[PDB]
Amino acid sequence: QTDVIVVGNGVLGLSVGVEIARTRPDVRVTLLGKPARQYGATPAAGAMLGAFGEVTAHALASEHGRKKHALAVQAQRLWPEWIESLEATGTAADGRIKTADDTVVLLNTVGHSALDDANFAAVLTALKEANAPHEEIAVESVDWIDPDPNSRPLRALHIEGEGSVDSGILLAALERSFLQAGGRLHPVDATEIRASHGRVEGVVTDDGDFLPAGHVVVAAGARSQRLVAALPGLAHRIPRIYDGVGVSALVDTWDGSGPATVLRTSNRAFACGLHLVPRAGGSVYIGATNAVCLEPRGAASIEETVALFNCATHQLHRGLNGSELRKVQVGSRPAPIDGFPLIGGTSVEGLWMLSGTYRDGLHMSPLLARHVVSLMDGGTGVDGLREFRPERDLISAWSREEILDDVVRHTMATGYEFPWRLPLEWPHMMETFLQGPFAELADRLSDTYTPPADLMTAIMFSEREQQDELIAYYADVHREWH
């Protein structure tokens, strides 16, 4: 066939489905996935069109991090026309995809100086280098916020043209745009990709059916590598993707008000962060926790709910304390084991992957969709996505020393972000006693690969059998690629 099957109905699957359907009107594109969107990252997202807000000192200190940042800056330029093209298929009554145009990044002292101070400086530097319009503003000039004075910001950065979308209205607009362009929605899950003679034949679905295709695009979020790893050799050639389990909430504000901009901190301990995304109709979105889990989890923990609520009420608006909780949302950020996305072609003809985007796949979606569609048409797509090809040796973007410094810093940051109150000698004591055990873990896991801090903490506190299984995985990957 020349038929295309997109496996997955998040932002990435639907974005690539829309681009394929619009640019190849001669081909039949079928998109799989159920309206429940189990473990789905996209429906749990605010979401911020985060490019500069996602900048950390640690990310920009590596070549792979600077490459990822460059792609985020490129994606931002596509959003205005992308939104126009999606709203064009609907009417006023469908709601607006865009919920804010601008972002304010706040700097408070409810966190580690080694993350928050370093990251604020890195955001300012990235904005200056990219010639992005921005201004450091008086905190008194930030509208709406009403923090606890002991939790208040002392610096604020207004980023112009870095905004937010309603993730639910975006998903509805993508489905509507996909159908308008001739796409077919088949609400079942793929169980298996069938291939032989190094070529895709199609997909077995969970209702027992077989769908033939010349092209299969896997955009199944955190399930994407588990689906492809079934094919010969690919188990140690496609980097593993884990569940970056994230908790967010929809709140009806006490007075129906909301801020005119996104409000956020820089990224905090183990890739969580605090933000408020404006919504229509007297609602605000607050996010968002992150915990890398070696198995999927579809429910918030008590700890996650309390940390999210406590940070938002103290650092953003005390009025949220008296506001009504409408929904606790949980989704899995696709967390790649080497810290970088899996975008492009495979050694299997007609097999494509769009996954492992962690915190900013939704932001990057229009760029990633256009990249993969260009490749499927025999083009070279977007420059700078080559290192993020899905079939690869694990990337080592940092030295083991850089990661060990990072994991101790992030561990200490879980204290400062709480925020804890301890005797003044205790933090230095904890730092000195954390270094040895993390160094020992890193040395034991592999002679060549080091997991990024977010994954390393999850491994440190996992069962012995899960640790031993990872040592075996790293050894098998090393064997395959060396």
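Heads up: residue numbers just count along the shown sequence, starting at 1.
Identify the stretch, either 277-285 or 188-196, whose C-alpha atoms have the larger mean B-factor according to the entry. Averaged over C-alpha atoms, the B-factors run higher in 188-196.
Mean temperature factor over C-alpha atoms, higher-scoring stretch between 35-43 and 413-421: According to the entry, 35-43 carries the higher average C-alpha B-factor.
Residue with maximal Cα B-factor (values as given in the PDB entry) among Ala291, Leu211, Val306, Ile145: The listed residue with the largest C-alpha B-factor is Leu211.
Per the entry, which of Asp166, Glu162, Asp252, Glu349 tops the list for Cα B factor? The C-alpha B-factor peaks, among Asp166, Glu162, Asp252, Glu349, at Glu349.
By the record's CA B-factor, is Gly256 among the lowest, middle or highest third of residues in the chain? Middle third of the chain for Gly256's C-alpha B-factor.
Consider only the C-alpha atoms of the modelled residues in this chain, order them by B-factor as the entry records it, and name the third containing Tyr449: lowest, middle or highest. It belongs to the highest third of the chain when residues are ordered by C-alpha B-factor.
Going by the recorded CA B-factors, say which third of the chain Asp338 sits in, lowest, middle or highest. Its C-alpha B-factor belongs to the middle third of this chain's values.
Going by the CA temperature factor in the PDB record, which third of the chain does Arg152 belong to: lowest, middle or highest? Lowest third.
Cα B factor band for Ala181 (lowest, middle or highest third within the chain): Tercile = middle for this residue's CA B-factor.
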